[PDB]
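Right, one structure below, let's go through it.
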Amino acid sequence: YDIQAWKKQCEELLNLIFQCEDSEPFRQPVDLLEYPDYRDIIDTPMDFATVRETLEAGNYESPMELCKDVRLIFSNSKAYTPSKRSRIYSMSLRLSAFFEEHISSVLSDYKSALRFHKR
Ligand SMILES: CNCc1nnc2ccccn12
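11 is the number of the first residue of the sequence shown in my numbering; add one for each residue after it.
See below:
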């Protein structure tokens, strides 16, 4: 029933993601000195510190918006990878699976709380 509960749930999931070794390449914006062509391939950079800061600033209205930005971290890695077997892309796939496994109930609970609010 709680239409605000998603925010703390997302903070806790981000905390788990930050603790996970697989998130290290994604914790901060991609370094252009390390990957000079990055912005030729990627129009909208995204990283987990930006997601956490947007959430903490009160700049997400719903968990769907947070999801869209987290999914953009993963689609950027898929678009930038030179190979489906690259180390960083393989880390993104595991992290995506972990994220999707945990965000599912957050989205479901939010959408059902919102439907209850508008009943
Ligand atoms: C997150 N760092 C940029 C980036 N995103 N996908 C890949 C794949 C290989 C190398 C670097 N990559």
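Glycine included, C-beta positions come from ideal geometry on N, C-alpha and C.
* Helix, strand or coil for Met-74 per DSSP? -> Here DSSP, grouped into helix, strand and coil, assigns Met-74 to helix.
* **Buried versus exposed, by CB contacts within 10 Å (16 or more), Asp-53** => Exposure of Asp-53 is indicated by the presence of fewer than 16 other C-beta atoms within 10 angstroms of its C-beta.
* **Proximity test, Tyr-120 beta-carbon vs ligand 1 heavy atom, cut-off 6 Å** => no
* **Whole-angstrom C-beta distance between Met-101 and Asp-32, which should lie under 8 Å** => 4 Å
* Can you list the residues near ligand 1, meaning Cβ strictly closer than 5 Å to any non-hydrogen atom, in the order they appear in the chain? => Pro-35, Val-40, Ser-87, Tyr-90, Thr-91, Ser-96, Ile-98, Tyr-99
* Asked: Anyone know if the C-beta pair for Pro-39 and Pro-55 falls short of 7 Å?
  -> In this structure, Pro-39 sits near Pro-55, with a CB-CB distance shorter than 7 Å.
* To do: Please state whether DSSP places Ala-89 in a helix, a strand or coil.
  => In the three-state reduction of the DSSP assignment, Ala-89 falls in the helix class.
* alpha helix (DSSP H) segment containing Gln-29, residue limits -> 16 to 29
* To do: Kindly indicate the opening and closing residues of the alpha helix (DSSP H) around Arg-104.
  => For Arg-104, the uninterrupted alpha helix (DSSP H) run begins and ends at 97 to 127, by DSSP.
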